[PDB]
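**Q** Build me a structure from this.
(chains A and B, ligands or ions: 4)
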2 protein chains.
Amino acid sequence: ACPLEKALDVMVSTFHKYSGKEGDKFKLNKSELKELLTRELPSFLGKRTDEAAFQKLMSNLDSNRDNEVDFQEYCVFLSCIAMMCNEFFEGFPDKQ
Amino acid sequence: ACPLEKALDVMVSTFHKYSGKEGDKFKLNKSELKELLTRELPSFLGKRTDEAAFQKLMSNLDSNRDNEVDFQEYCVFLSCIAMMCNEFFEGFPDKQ
Ligand SMILES: [Ca+2]
Ligand SMILES: [Ca+2]
Ligand SMILES: [Ca+2]
Ligand SMILES: [Ca+2]
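**A** Numbers count the residues shown, from 1 in each chain, chains lettered A, B, ... in the order given. Ligands and ions are numbered 1, 2, ... in the order given. Below is the structure in question.
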């Protein structure tokens, strides 16, 4: 098996699972971003599912300032999450 | 247990599976990158497993010019792969 190839497949399909619900089918608007985070990455925002948190996230992800998250911005986001997971790979911050 | 979260875990674990083999345990050298690409992402390089292909790949990934690929650089690489896969999601080039 090639788990990494299957992982990349899931990263692509999961974006479209939500991005195609409304409007531009290649970008996540606020509504679609909320659904994606809540259903697919619940560990990221955890308890922070209020509007202030979602607007902060949209602002952080939306690098080109078009009010939506496109595939490239979404991969930067996932890469950020992966970098944070990577810090705890040993079950403690091996760094110090 | 959410599939996207599992995908991120695979991204993380697969880097360490190879980066820890030689030298700096947190970066991929040429030999480690070859094994990773070959065993885990064989569809990427396809038939281009020659020395010239690997040198070009290493210089493309190693954006800080330290001769190895760190986890951040590896996430940029995986993101590039996903972006390329994503271009074909509709079954035709949906672009301009
Ligand atoms: Ca949309
Ligand atoms: Ca945007
Ligand atoms: Ca190494
Ligand atoms: Ca480097």
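
**Q** For the rest of this, base every contact and every neighbour count on C-alpha atoms.
**A** Fine.

**Q** Tell me, how many residues neighbour residue A:75?
**A** 23 (other CA atoms under 10 Å in any protein chain shown).

**Q** who touches the closest residue to it other than its chain neighbours in this structure?
**A** Nearest residue to residue A:75, sequence neighbours excluded (CA to CA, 6 or more residues apart in numbering or on different chains): residue B:79, at 5.5 Å. Residues in contact with residue B:79 (CA atoms under 8 Å, 6 or more residues apart in numbering or on different chains) are A:72, A:75-76, A:79.

**Q** Quickly find the element holding residue B:79.
**A** Residue B:79 belongs to helix B:71-86 when assigned by DSSP states H and E.

**Q** what do you get for residue A:37?
**A** helix A:30-40.

**Q** in that helix, what's buried?
**A** Neighbour counts over helix A:30-40 (16 or more other CA atoms under 10 Å in any protein chain shown) mark A:30, A:32-38, A:40 as buried.

**Q** Can I get those in a markdown table including distance to residue A:96?
**A** Listed next are those as a markdown table, based on distance: CA to CA, whole Å:
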| residue | distance to residue A:96 |
| --- | --- |
| A:30 | 38 |
| A:32 | 38 |
| A:33 | 35 |
| A:34 | 35 |
| A:35 | 36 |
| A:36 | 34 |
| A:37 | 31 |
| A:38 | 32 |
| A:40 | 31 |
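
**Q** ok, the residue in chain A positioned nearest to chain B - contacts?
**A** The minimum distance from chain A to chain B, using CA to the nearest CA, falls at residue A:7 (4.4 Å). Residues counted as contacts of residue A:7 (CA under 8 Å, 6+ apart) are B:4, B:6-8, B:10-11.

**Q** nearest to ligand 1, of those?
**A** residue B:4 (18.8 Å; CA to the ion).

**Q** Neighbours of that closest one, how many?
**A** Residues near residue B:4, counting by other CA under 10 Å, number 23.

**Q** So which bits of chain A are right by ligand 2?
**A** Residues of chain A lying close to ligand 2 (CA under 5 Å from the ion) are A:62, A:64, A:66, A:68-69.

**Q** Looking at the residues you listed, which one is closest to residue A:24?
**A** Lowest distance from residue A:24 to these (CA to CA) belongs to residue A:68, with 9.2 Å.

**Q** ok, that closest one touching residue A:29?
**A** Yes. Between residue A:68 and residue A:29 there is a contact under CA atoms under 8 Å: 4.7 Å.
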